[PDB]
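See below for the structure under consideration.
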Amino acid sequence: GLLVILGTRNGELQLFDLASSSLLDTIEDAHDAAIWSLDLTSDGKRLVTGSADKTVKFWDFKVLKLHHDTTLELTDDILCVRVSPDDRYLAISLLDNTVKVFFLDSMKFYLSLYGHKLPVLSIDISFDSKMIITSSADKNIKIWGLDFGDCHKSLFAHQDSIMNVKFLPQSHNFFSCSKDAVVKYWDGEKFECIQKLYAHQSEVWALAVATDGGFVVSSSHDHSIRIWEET
Amino acid sequence: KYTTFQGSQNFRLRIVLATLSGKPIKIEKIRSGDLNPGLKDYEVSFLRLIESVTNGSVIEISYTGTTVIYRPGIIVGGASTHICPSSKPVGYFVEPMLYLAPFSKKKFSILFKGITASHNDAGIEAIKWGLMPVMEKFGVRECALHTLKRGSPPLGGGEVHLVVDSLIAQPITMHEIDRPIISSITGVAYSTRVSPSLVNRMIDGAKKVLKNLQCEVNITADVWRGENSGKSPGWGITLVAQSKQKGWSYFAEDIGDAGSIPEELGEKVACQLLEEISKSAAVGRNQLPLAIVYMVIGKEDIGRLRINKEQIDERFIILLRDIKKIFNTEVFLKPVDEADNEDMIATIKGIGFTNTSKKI
Amino acid sequence: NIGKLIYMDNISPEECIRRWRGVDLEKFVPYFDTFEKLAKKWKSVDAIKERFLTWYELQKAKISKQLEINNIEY
RNA sequence: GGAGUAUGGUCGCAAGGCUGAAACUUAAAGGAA
């Protein structure tokens with residue numbers, strides 16, 4: 001249906017539909033403070049939202065309107081929440097140097113992570129739920145193995161602070177985007193800098209990956225959207 | 001080649017009981033109904049272990065691999081290093097040698113290298129607290145089991161060091177006709193290459209179950225790090241109830257799974273502890289074949305042991321039918337007089353057993 | 001009796017317990033039930049709460065007491 | 001009885017590798033240089 005879902009610094013969750021005019025439905029007062037994350041499941045009947053209200057709320061795609069099943073009462077300033085594409089694992093970043101990975105079905109607190117010294121700015125996990133990447137403002141990437149809750153390798157890169165990281169759905173090869181205006185391409189097995197991009201020169205705020213093709217979309221502070229087609 | 005056993009069942013038990021008796025055995029038709037019939041790799045690897053500790057033993061394998069001939073030699077021992085194959089953990093190999101430990105010509109200083117835990121076989125803490133205290137009740141005083149490096153599946157790389165220095169002439173004649181009263185619940189919760197917050201969260205599963213019990217609950221958090229923490233990550237807990245009066249210990253264990261909840265596993269083993277205790281009398285179900293043997297190979301005298309019918313399964317009878325085919329010792333079973341429970345006293349005239357090998 | 005039901009070889013050990021009520025030893029941990037069945041069983045610990053809380057003639061008595069404990073047994 | 005020295009015994013004490021160090025070579029910062 002080409003439906004679009006967005007989040008604000010106001011505690012609200014407004015959607016945009018392309019065949020119609022702009023607004024069909026708006027959630028208002030979903031949270032009190034700013035929300036910071038929004039993840040989509042494989043189906044789409046439930047979304048997960050993470051906010052500065054120390055709350056994580058699920059949102060039920062009723063047919064088309066939204067309601068909540070449960071809320072999650074936490075203690076920290078939630079930044080990114082991501083669900084597994086295998087629909088099993090739900091990772092949550094906090095204000096602390098902690099990543100909590102929850103089971104999807106009953107929220108059993110499967111896992112916790114330590115040792116990062118600065119809060120996690122984006123969480124990824126693989127297509128098959130094997131590797132976790134939790135990039136944070138502490139100038140490094142810590143690649144966590146998802147089987148036993150350990151890391152395989154930490155990785156200092158991207159001088160300023162690392163905003164967004166996303167994966168390739170084919171294999172363990174990922175990108176990295178950061179405030180120091182560099183985009184880098186990595187191995188999930190060799191752990192080496194493959195290809196290093198410098199093109200758009202301000203702070204890289206956003207990143208997205210084509211789900212089959214492999215073109216790379218990045219955003220700047222200075223208003224540039226760069227598309228990197230794979231040869 | 002005179003006593004013949006059928007099937008690969010209790011294979012490491014049958015090599016032990018032939019070795020102490022000195023009666024030659026021939027175990028034929030091992031896994032004959034398989035697409036890969038015959039022995040496995042580790043069963044061959046275990047036969048290399050008996051050769052290394054006993055000089056004079058003759059071991060013959062037929063070229064179909066299903067028939068194993070073993071004329072036992074005397075227990076020499078000494079110090080050596082056995083490599084454990086990655087199929088079975090090192091606890092599959094520590095457990096038979098404790099039957100051979102107090103009788104060797106020299107000290108057992110045997111170094112084991114490999115994976116140190118699994119689902120089936122005994123962990124290191126299962127032996128250091130569950131089996132070695134059974135040993136001391138029969139008079140094996142200076143017995144130990146040290147941990148150098150701890151491993152975990154699938155790569156392992158862990159090392160234990162079996163050191164047994166008490167070399168006694170026979171196990172003493174045990175009389176335990178009283179169900180021991182549990183004084184404290186001890187335990188070890190270990191973890192390798194993973195987050196140290198698991199171990200306290202493991203214990204929180206265990207202390208959640210036991211809060212209705214009034215005895216001491218203490219679990220030593222054993223967090224491993226560094227090079228002596230083995231290759232592959234993993235964790236596990238081992239819980240031990242004990243009796244202050246005579247030193248009897250009851251235990252249960254399990255390890256972590258590929259994706260397991262550490263709150264559940266700390267809750268699970270404490271349930272498996274109390275389930276084991278509820279079926280128990282003076283031993284555990286996994287400590288009972290170590291003690292059944294030590295009444296048999298104890299000296300020419302009646303021992304007594306208060307055991308429970310819940311322990312008596314199909315597995316327990318196959319233990320008593322391996323002894324009668326070797327040592328020809330009927331195990332008399334009498335009811336107890338306590339009408340609240342179905343305990344029975346297992347009375348065994350021990351076969352008159354010595355040390356062939358120890359020097360004077 | 002359980003013992004004369006044990007020492008026969010025509011009986012299977014499956015049948016031995018079925019005669020008594022009316023598995024390989026290679027694995028070390030004996031067969032339990034599932035944690036689903038055990039956690040519901042072990043909500044209460046009240047079933048198991050029953051179990052909690054001259055030198056010469058001395059050493060010659062280690063033999064003499066060992067003698068008549070054979071004799072009352074036989 | 002005291003003083004002193006020696007001491008392969010029993011018991012206790014302790015060491016080194018910059019810290020930060022999570023299992024990973026890992027930031028901000030500090031220490032030494």
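Just so we're on the same page: first chain in the structure tokens is A, next is B, and so on; residues restart at 1 for each chain, and ligands are numbered from 1 in the order they show up.
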Once you count only C-alpha atoms (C1' of nucleotides), what closest atom pair and distance in Å to one decimal does each residue of chain D within 12 Å of chain B have, with rows by chain and rising residue number, as CSV?
```
residue,atom,partner,partner_atom,distance
D:21,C1',B:226,CA,11.8
D:22,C1',B:195,CA,7.2
D:23,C1',B:193,CA,3.8
D:24,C1',B:193,CA,9.9
```
As an mmCIF file with N, CA and C atoms, in the first residue's frame, please: the residues near region 120-125 of chain A (cut-off 6 Å, only C-alpha atoms (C1' of nucleotides), same-chain neighbours under 2 positions excluded).
```
data_model
loop_
_atom_site.group_PDB
_atom_site.id
_atom_site.type_symbol
_atom_site.label_atom_id
_atom_site.label_comp_id
_atom_site.auth_asym_id
_atom_site.auth_seq_id
_atom_site.Cartn_x
_atom_site.Cartn_y
_atom_site.Cartn_z
ATOM 1 N N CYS A 80 17.665 3.540 20.252
ATOM 2 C CA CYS A 80 17.244 2.716 19.130
ATOM 3 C C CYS A 80 16.737 1.369 19.602
ATOM 4 N N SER A 93 18.427 -0.181 22.863
ATOM 5 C CA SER A 93 19.517 0.636 23.373
ATOM 6 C C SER A 93 19.006 1.496 24.517
ATOM 7 N N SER A 129 19.938 -13.474 12.187
ATOM 8 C CA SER A 129 20.159 -13.266 13.628
ATOM 9 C C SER A 129 21.434 -13.956 14.114
ATOM 10 N N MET A 131 24.799 -11.809 14.102
ATOM 11 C CA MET A 131 25.723 -10.770 14.530
ATOM 12 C C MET A 131 24.945 -9.519 14.904
ATOM 13 N N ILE A 132 25.298 -8.915 16.036
ATOM 14 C CA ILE A 132 24.714 -7.654 16.476
ATOM 15 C C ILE A 132 25.762 -6.578 16.260
ATOM 16 N N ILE A 133 25.358 -5.440 15.707
ATOM 17 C CA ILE A 133 26.223 -4.271 15.633
ATOM 18 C C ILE A 133 25.544 -3.101 16.325
ATOM 19 N N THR A 134 26.194 -2.581 17.364
ATOM 20 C CA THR A 134 25.659 -1.525 18.219
ATOM 21 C C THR A 134 26.613 -0.339 18.167
ATOM 22 N N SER A 135 26.440 0.512 17.166
ATOM 23 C CA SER A 135 27.322 1.653 17.004
ATOM 24 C C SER A 135 26.862 2.814 17.870
ATOM 25 N N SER A 136 27.823 3.418 18.562
ATOM 26 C CA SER A 136 27.570 4.413 19.587
ATOM 27 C C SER A 136 28.522 5.580 19.379
ATOM 28 N N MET A 163 26.754 7.456 13.855
ATOM 29 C CA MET A 163 25.307 7.611 13.966
ATOM 30 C C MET A 163 24.553 6.369 13.514
ATOM 31 N N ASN A 164 24.627 6.035 12.230
ATOM 32 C CA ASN A 164 23.787 4.983 11.686
ATOM 33 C C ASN A 164 24.623 3.922 10.996
#
```
Extract the full set of alpha helix (DSSP H) residues from region 30-255 of chain B according to DSSP on the backbone, and format it as an NGL selection string.
:B and (41-53 or 91-100 or 124-130 or 132-137 or 197-209)
List the neighbours of region 133-150 of chain B out to 6 Å using only C-alpha atoms (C1' of nucleotides); skip same-chain residues closer than 2 positions along the sequence, and give me the result as a count of residues only.
15
Which residues of chain A come within 10 Å of chain B, and for each one, what is the closest pair of atoms and their distance in Å to one decimal, counting only C-alpha atoms, sorted by chain and residue number, as a tab-separated table?
```
residue	atom	partner	partner_atom	distance
A:103	CA	B:261	CA	9.8
A:108	CA	B:261	CA	7.9
A:109	CA	B:261	CA	8.3
A:110	CA	B:261	CA	5.9
A:111	CA	B:261	CA	8.4
A:112	CA	B:195	CA	8.0
A:113	CA	B:195	CA	7.2
A:114	CA	B:195	CA	7.6
A:115	CA	B:195	CA	9.9
A:146	CA	B:259	CA	8.5
A:147	CA	B:259	CA	6.0
A:148	CA	B:259	CA	6.5
A:149	CA	B:194	CA	6.5
A:150	CA	B:194	CA	5.2
A:151	CA	B:194	CA	8.3
```
Could you write those residues out with C-alpha atoms, as an mmCIF file, in the first residue's frame?
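out.cif written:
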```
data_model
loop_
_atom_site.group_PDB
_atom_site.id
_atom_site.type_symbol
_atom_site.label_atom_id
_atom_site.label_comp_id
_atom_site.auth_asym_id
_atom_site.auth_seq_id
_atom_site.Cartn_x
_atom_site.Cartn_y
_atom_site.Cartn_z
ATOM 1 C CA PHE A 103 12.483 -12.311 23.141
ATOM 2 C CA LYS A 108 11.813 -12.501 28.786
ATOM 3 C CA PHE A 109 14.971 -10.276 28.858
ATOM 4 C CA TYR A 110 17.195 -12.726 26.981
ATOM 5 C CA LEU A 111 20.368 -10.701 27.081
ATOM 6 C CA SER A 112 22.271 -7.655 28.314
ATOM 7 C CA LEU A 113 25.506 -6.067 27.111
ATOM 8 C CA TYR A 114 28.199 -4.053 28.862
ATOM 9 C CA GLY A 115 31.395 -2.124 28.438
ATOM 10 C CA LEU A 146 23.989 -13.186 18.860
ATOM 11 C CA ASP A 147 24.243 -16.876 19.813
ATOM 12 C CA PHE A 148 25.796 -16.529 23.280
ATOM 13 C CA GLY A 149 25.725 -12.784 23.928
ATOM 14 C CA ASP A 150 29.451 -12.267 23.445
ATOM 15 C CA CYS A 151 31.238 -10.071 20.943
#
```
Between CA of residue 141 (chain A) and CA of residue 225 (chain A), measure the distance and give it in Å to one decimal.
24.0 Å
Env of residue 12 (chain C): 12 Å cut, atoms = only C-alpha atoms (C1' of nucleotides), seq-sep filter 4 positions within chain, self excluded. Answer as a list in words.
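In the requested format, the answer is residues 313, 314, 315, 317, 318 and 321 of chain B; 5, 6, 7, 8, 16, 17, 18, 19 and 23 of chain C.
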Write out the residues from the selection above, keeping N, CA and C atoms, as a PDB file, in the first residue's frame.
```pdb
ATOM      1  N   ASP B 313      15.713 -48.258  38.716  1.00  0.00           N
ATOM      2  CA  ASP B 313      15.117 -48.141  37.402  1.00  0.00           C
ATOM      3  C   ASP B 313      15.558 -49.322  36.548  1.00  0.00           C
ATOM      4  N   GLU B 314      15.302 -49.221  35.246  1.00  0.00           N
ATOM      5  CA  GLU B 314      15.896 -50.156  34.301  1.00  0.00           C
ATOM      6  C   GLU B 314      17.414 -50.054  34.294  1.00  0.00           C
ATOM      7  N   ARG B 315      17.950 -48.852  34.521  1.00  0.00           N
ATOM      8  CA  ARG B 315      19.392 -48.648  34.439  1.00  0.00           C
ATOM      9  C   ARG B 315      20.099 -49.297  35.618  1.00  0.00           C
ATOM     10  N   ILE B 317      19.240 -52.011  37.250  1.00  0.00           N
ATOM     11  CA  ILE B 317      19.287 -53.465  37.166  1.00  0.00           C
ATOM     12  C   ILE B 317      20.399 -53.907  36.228  1.00  0.00           C
ATOM     13  N   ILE B 318      20.616 -53.157  35.147  1.00  0.00           N
ATOM     14  CA  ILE B 318      21.671 -53.482  34.193  1.00  0.00           C
ATOM     15  C   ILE B 318      23.045 -53.294  34.828  1.00  0.00           C
ATOM     16  N   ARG B 321      23.284 -56.562  36.778  1.00  0.00           N
ATOM     17  CA  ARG B 321      23.468 -57.706  35.904  1.00  0.00           C
ATOM     18  C   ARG B 321      24.800 -57.676  35.183  1.00  0.00           C
TER      19      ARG B 321
ATOM     20  N   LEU C   5      13.141 -61.149  41.130  1.00  0.00           N
ATOM     21  CA  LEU C   5      12.725 -60.614  39.844  1.00  0.00           C
ATOM     22  C   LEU C   5      13.886 -59.994  39.080  1.00  0.00           C
ATOM     23  N   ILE C   6      14.969 -59.623  39.764  1.00  0.00           N
ATOM     24  CA  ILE C   6      16.116 -59.035  39.076  1.00  0.00           C
ATOM     25  C   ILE C   6      16.976 -60.117  38.441  1.00  0.00           C
ATOM     26  N   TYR C   7      17.358 -61.123  39.223  1.00  0.00           N
ATOM     27  CA  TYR C   7      18.425 -62.036  38.838  1.00  0.00           C
ATOM     28  C   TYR C   7      18.004 -63.089  37.824  1.00  0.00           C
ATOM     29  N   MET C   8      16.737 -63.124  37.437  1.00  0.00           N
ATOM     30  CA  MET C   8      16.344 -63.878  36.261  1.00  0.00           C
ATOM     31  C   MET C   8      16.793 -63.129  35.014  1.00  0.00           C
ATOM     32  N   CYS C  16      10.704 -55.780  34.344  1.00  0.00           N
ATOM     33  CA  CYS C  16      11.061 -55.851  35.763  1.00  0.00           C
ATOM     34  C   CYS C  16      10.371 -54.767  36.577  1.00  0.00           C
ATOM     35  N   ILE C  17      10.334 -53.546  36.056  1.00  0.00           N
ATOM     36  CA  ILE C  17       9.689 -52.471  36.792  1.00  0.00           C
ATOM     37  C   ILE C  17       8.176 -52.562  36.652  1.00  0.00           C
ATOM     38  N   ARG C  18       7.690 -53.053  35.507  1.00  0.00           N
ATOM     39  CA  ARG C  18       6.255 -53.265  35.368  1.00  0.00           C
ATOM     40  C   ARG C  18       5.781 -54.399  36.270  1.00  0.00           C
ATOM     41  N   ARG C  19       6.640 -55.389  36.518  1.00  0.00           N
ATOM     42  CA  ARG C  19       6.346 -56.368  37.557  1.00  0.00           C
ATOM     43  C   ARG C  19       6.460 -55.755  38.946  1.00  0.00           C
ATOM     44  N   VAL C  23      17.100 -48.088  28.928  1.00  0.00           N
ATOM     45  CA  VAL C  23      17.957 -46.927  29.117  1.00  0.00           C
ATOM     46  C   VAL C  23      19.432 -47.331  29.238  1.00  0.00           C
TER      47      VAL C  23
END
```
Skip residue 208 (chain B) itself and residues of its chain fewer than 4 positions away, then list as number ranges by chain all residues within 12 Å of it, counting only C-alpha atoms (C1' of nucleotides).
B: 200-204, 212-213, 217, 263-271; C: 39, 42-43
Please produce a file of those selected residues containing N, CA and C atoms, as an mmCIF file, in the first residue's frame.
```cif
data_model
loop_
_atom_site.group_PDB
_atom_site.id
_atom_site.type_symbol
_atom_site.label_atom_id
_atom_site.label_comp_id
_atom_site.auth_asym_id
_atom_site.auth_seq_id
_atom_site.Cartn_x
_atom_site.Cartn_y
_atom_site.Cartn_z
ATOM 1 N N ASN B 200 25.425 -14.148 38.202
ATOM 2 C CA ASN B 200 24.551 -13.675 39.266
ATOM 3 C C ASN B 200 23.088 -13.855 38.889
ATOM 4 N N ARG B 201 22.773 -13.711 37.605
ATOM 5 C CA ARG B 201 21.410 -13.931 37.146
ATOM 6 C C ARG B 201 21.080 -15.418 37.089
ATOM 7 N N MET B 202 22.095 -16.272 36.912
ATOM 8 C CA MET B 202 21.916 -17.709 37.105
ATOM 9 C C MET B 202 21.548 -18.022 38.549
ATOM 10 N N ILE B 203 22.298 -17.448 39.496
ATOM 11 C CA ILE B 203 22.076 -17.687 40.920
ATOM 12 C C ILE B 203 20.716 -17.153 41.352
ATOM 13 N N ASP B 204 20.280 -16.041 40.749
ATOM 14 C CA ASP B 204 18.972 -15.474 41.062
ATOM 15 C C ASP B 204 17.841 -16.402 40.658
ATOM 16 N N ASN B 212 11.877 -20.893 50.030
ATOM 17 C CA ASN B 212 11.012 -21.564 50.986
ATOM 18 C C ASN B 212 11.763 -22.580 51.833
ATOM 19 N N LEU B 213 12.963 -22.973 51.420
ATOM 20 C CA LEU B 213 13.816 -23.838 52.215
ATOM 21 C C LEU B 213 14.656 -23.018 53.180
ATOM 22 N N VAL B 217 22.021 -21.297 51.388
ATOM 23 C CA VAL B 217 22.106 -21.275 49.936
ATOM 24 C C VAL B 217 23.281 -20.391 49.552
ATOM 25 N N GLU B 263 17.827 -17.113 33.482
ATOM 26 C CA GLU B 263 16.893 -17.208 34.598
ATOM 27 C C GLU B 263 16.246 -18.581 34.661
ATOM 28 N N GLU B 264 15.978 -19.192 33.506
ATOM 29 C CA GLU B 264 15.329 -20.496 33.500
ATOM 30 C C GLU B 264 16.282 -21.593 33.943
ATOM 31 N N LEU B 265 17.535 -21.531 33.489
ATOM 32 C CA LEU B 265 18.479 -22.605 33.770
ATOM 33 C C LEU B 265 18.891 -22.610 35.234
ATOM 34 N N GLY B 266 19.014 -21.429 35.839
ATOM 35 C CA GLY B 266 19.195 -21.360 37.277
ATOM 36 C C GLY B 266 17.986 -21.851 38.044
ATOM 37 N N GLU B 267 16.790 -21.641 37.500
ATOM 38 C CA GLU B 267 15.603 -22.240 38.087
ATOM 39 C C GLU B 267 15.477 -23.722 37.771
ATOM 40 N N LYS B 268 16.014 -24.180 36.639
ATOM 41 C CA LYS B 268 15.782 -25.562 36.232
ATOM 42 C C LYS B 268 16.601 -26.537 37.061
ATOM 43 N N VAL B 269 17.882 -26.226 37.268
ATOM 44 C CA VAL B 269 18.794 -27.144 37.940
ATOM 45 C C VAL B 269 18.429 -27.280 39.413
ATOM 46 N N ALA B 270 17.956 -26.192 40.027
ATOM 47 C CA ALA B 270 17.473 -26.269 41.399
ATOM 48 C C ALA B 270 16.209 -27.106 41.501
ATOM 49 N N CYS B 271 15.391 -27.125 40.450
ATOM 50 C CA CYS B 271 14.309 -28.095 40.415
ATOM 51 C C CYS B 271 14.847 -29.501 40.216
ATOM 52 N N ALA C 39 8.665 -27.783 37.367
ATOM 53 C CA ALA C 39 8.437 -26.502 38.027
ATOM 54 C C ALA C 39 7.041 -26.420 38.620
ATOM 55 N N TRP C 42 7.398 -28.640 41.677
ATOM 56 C CA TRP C 42 8.246 -28.081 42.721
ATOM 57 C C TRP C 42 7.965 -26.611 42.982
ATOM 58 N N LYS C 43 6.703 -26.204 42.879
ATOM 59 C CA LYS C 43 6.291 -24.945 43.477
ATOM 60 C C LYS C 43 6.494 -24.986 44.985
#
```
